[PDB]
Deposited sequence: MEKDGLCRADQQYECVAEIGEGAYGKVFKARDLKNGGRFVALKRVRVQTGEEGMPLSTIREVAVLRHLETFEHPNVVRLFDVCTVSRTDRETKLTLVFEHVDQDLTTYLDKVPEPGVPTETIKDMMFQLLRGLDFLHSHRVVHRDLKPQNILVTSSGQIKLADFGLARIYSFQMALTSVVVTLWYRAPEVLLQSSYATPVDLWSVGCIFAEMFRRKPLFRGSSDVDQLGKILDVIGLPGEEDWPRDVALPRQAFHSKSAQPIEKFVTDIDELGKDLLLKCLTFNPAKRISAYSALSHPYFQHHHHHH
């Protein structure tokens, strides 16, 4: 064949294979098995070669997508990082890149929808690359998706908040086990929202939760400076309309 399989890196989405690219120097790639539209969109994004998204190298034809392989993801990086964890400035750098990648996507009307440490890739030189977007665990899901009310771009900024926190904590902020658990565990930290921030005509009303009050976020994210707290909270806003965008996030003072 033109590629040659070696491992599974691996499962979702659903399988991702590490493969030898025989034609191009035996380098490692990642092979992946409205369609030709999503594919078309993916090729159009490639034309911009944004440095914070995985490169698409080839499309073969049922459907095999050939992407850039990177040795680790954020999960494995947070695993192996020595105590006392990710340096403050490294967290700040990795966040900027994350939001850069995301804004690039959002600005080209692509919503990721499943951001998590497992498809945030971390290059040996420390470059952040987003993977596993543009094709078709609730700990990273936004409220509006749990509630099944809206699926616009803000959905991904909620996931960014969760990741930001986890870069400090080295463990997830919201480890729910069901949509309803997840929603519960979220409001336990951020508090019950105003009645007019609660989506209209969804199955779950505000009154299905008695998660009294907002607890100060630094109790859960020890290490976090004042500015990170501000940013993190603007990301973890209940109302998608009031949530900060990737674009505004790029200008937040936290990144001065």
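Coordinate coverage of the deposited sequence breaks at 1 to 10, 24, 45 to 56, 85 to 92, 168 to 181, 302 to 307, these segments carrying no C-alpha atoms.
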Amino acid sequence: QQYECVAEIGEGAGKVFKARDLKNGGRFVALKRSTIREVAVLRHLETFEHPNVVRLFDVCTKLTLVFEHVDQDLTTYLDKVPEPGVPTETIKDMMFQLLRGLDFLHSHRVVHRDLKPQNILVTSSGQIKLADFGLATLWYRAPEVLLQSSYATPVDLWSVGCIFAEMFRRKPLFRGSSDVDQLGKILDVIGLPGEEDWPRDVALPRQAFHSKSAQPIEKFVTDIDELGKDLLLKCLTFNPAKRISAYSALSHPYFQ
From here on, numbers count along this sequence of modelled residues.
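In this text, rigid core is short for the largest set of C-alphas that superpose within 1.5 Å between two forms.
In terms of root mean square C-alpha deviation after superposing on the rigid core in 9 other deposited structures of this protein, the stretch standing farther out between 190 to 198 and 24 to 32 is 24 to 32. Here 126 to 134 and 143 to 151 are scored by the root mean square distance of their C-alpha atoms in 9 other deposited structures of this protein, with each structure fitted by the rigid core; the higher score goes to 126 to 134. For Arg55, the record comparison shows coordinates present in all the other entries of this protein that model its neighbours, with no third of them leaving it out. Modelled in this chain, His69 is likewise built in all the other compared entries whose models extend past it on both sides, so a third of them omitting it does not occur. Averaged over CA atoms, B-factors in the entry run higher in 80 to 88 than in the other of 111 to 119 and 80 to 88. 207 to 215 and 38 to 46 differ in mean CA B-factor, and the higher of the two is recorded for 207 to 215. Between the residues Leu99, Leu135, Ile128, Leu147, it is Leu135 that shows the highest Cα B-factor in the PDB record. For the set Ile224, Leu187, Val54, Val29, the maximum C-alpha B-factor listed in the entry falls on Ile224. Per the PDB record, residue ranking by Cα B-factor puts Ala246 in the lowest third of the chain. Residue-level temperature factors show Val70 in the lowest third of its chain, judged at the C-alpha atom.
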